[PDB]
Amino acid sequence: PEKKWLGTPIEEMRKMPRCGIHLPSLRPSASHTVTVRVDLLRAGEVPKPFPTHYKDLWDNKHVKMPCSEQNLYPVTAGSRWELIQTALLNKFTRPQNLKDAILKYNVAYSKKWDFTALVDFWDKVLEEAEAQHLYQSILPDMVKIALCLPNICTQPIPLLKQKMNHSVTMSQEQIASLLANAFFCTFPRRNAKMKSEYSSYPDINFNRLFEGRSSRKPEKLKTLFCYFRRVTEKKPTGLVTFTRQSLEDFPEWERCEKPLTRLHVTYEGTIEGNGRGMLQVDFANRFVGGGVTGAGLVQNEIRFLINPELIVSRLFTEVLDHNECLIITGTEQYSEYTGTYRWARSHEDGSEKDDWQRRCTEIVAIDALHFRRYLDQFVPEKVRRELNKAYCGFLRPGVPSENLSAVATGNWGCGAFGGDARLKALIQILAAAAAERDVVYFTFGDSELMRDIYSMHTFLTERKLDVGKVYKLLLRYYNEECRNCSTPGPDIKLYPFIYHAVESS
């Protein structure tokens, strides 16, 4: 029988907080927006906002806040924020009450936004007492934090545009207020099909969670209301950092002399459960979070539900270009799940916090390409694209490699997305090697794949092939077995080809 895991013992892999650099003082800079009072930051205390009082920017470089005095609506032109306040400061006893409240400041979508799934959740899925608690406690508490937005998020939030290398660090409390607003669909300029300014950003308002008959919707709502119940009953005290990273220069893959690093590979366990303290790869959509606020539940998006603070990145994160990723440090897990997705129960996150009061949970969104024609991914241009995407996700400029955790990852962009698991494993191993990080690879039930990955890594390591030598083998595979292949896949597979090439010298 196959073993459960192979390679380096997982406990010998580096992880946070132990491996981490000494953090300098948290402070704003040209590359770092910090929305809280750093001098008053104290463990277990809700951070205070900086500035003390709301300051507004309504322009193309910052989030358009719903509480802006430039957020106008027909009443003459009147305050949409005052209308939002009046709409939401009402008693809800039936789901149509919530629908009508939300539509008061979204009149243009009165017909276009269906609320069938919300109605069904409220009346059919919840028991009478659960529904009562929803509308007597949770929803009014959600309204309170949402309408406190100008007192909570006092500092303009910059848009993380393409090509920006920039960080935003905000409190979990600030994020809660932002997400309560997203639930009540209050963010202006984020709704229209013909959107101009925000066409290159993901949806943020939660309207599409309320629509349709999908049996998935009630499980999404359960998971989000678990979060909203938690943060309203006990205000979170941590910080979260969102960093856009955009690299212009990449390794010279054909000549790279860096050695392969360590590997732990296993067909049991999960990235979030067993990669604690490690850099956790989110198998992302280029629109980060993908369809999380609307339809379907695909590769990675479950993470955005169980760590819902990740969702707020959609407010300010432009669609990722090929050379870009988003790194999120400090999100908390609020829910556990089974499966077929179903909310199981709440989660009490036990992670330690770093010196900036950020939970030791680092997630990187990197989007694989889709391969609608299988052989496309072996073309050198496409191998390099994926290498560079992974490398951007793994690299930490100016951080010594000894202070970097192992990368916790798995079958990135494979299955129905068209990626070949064995190629993608080797691509991630090479990118990790170039960024000088070890790899913890979860195959999620596939024990033969675990063995095949371990066997290849062992062979390449023992024969002392560096990144460049392995890349050259991938080029040979393309040129000799793929370029002229007239069938969907070649007769000789990649790993067998690599073994024979090296063994024949």
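Start at 1 and count along the sequence shown; that's the residue number.
S.K.: Which class describes the count of deposited residues lacking coordinates between residue 339 and residue 340: none, 1 to 3, 4 to 9, or 10 or more?
M.R.: According to the record, 1 to 3 deposited residues lack coordinates from residue 339 to residue 340.
S.K.: Hey, how big is the hole between residue 129 and residue 130 in terms of deposited residues without coordinates: none, 1 to 3, 4 to 9, or 10 or more?
M.R.: The entry has no gap there; residue 129 and residue 130 are joined directly.
S.K.: Out of 280-288 and 192-200, which stretch has the higher average CA B-factor listed in the record?
M.R.: So the stretch with the higher mean C-alpha B-factor is 192-200.
S.K.: For the stretches 426-434 and 306-314, which has the higher mean C-alpha B-factor as given in the deposited record?
M.R.: Taking the mean B-factor of the alpha carbons in each, 306-314 is higher.
S.K.: Can you tell me which of 160, 387, 77, 421 has the highest Cα temperature factor in the record?
M.R.: Going by the entry's C-alpha B-factors, 77 comes out highest.
S.K.: By the entry's C-alpha temperature factors, tell me which of 406, 375, 298, 142 sits highest.
M.R.: Of the options given, 298 has the highest CA B-factor in the PDB entry.
S.K.: Lowest, middle or highest third: where is residue 401 by Cα B-factor in its chain?
M.R.: It belongs to the middle third of the chain when residues are ordered by C-alpha B-factor.
S.K.: By its CA B factor, does residue 352 count among the lowest, middle or highest third of the modelled residues in the chain?
M.R.: As the PDB entry reports it, the C-alpha B-factor of residue 352 lands in the highest third of its chain.
S.K.: Using the temperature factors of the C-alpha atoms in this entry, rank residue 40 within its chain: lowest, middle or highest third.
M.R.: Highest third of the chain for residue 40's C-alpha B-factor.
S.K.: Which third, lowest, middle or highest, does the CA B-factor of residue 69 fall in along this chain?
M.R.: For residue 69, the deposited C-alpha B-factor lands in the highest third.
S.K.: Where does the C-alpha B-factor of residue 123 rank in its chain, lowest, middle or highest third?
M.R.: Top third by C-alpha B-factor.
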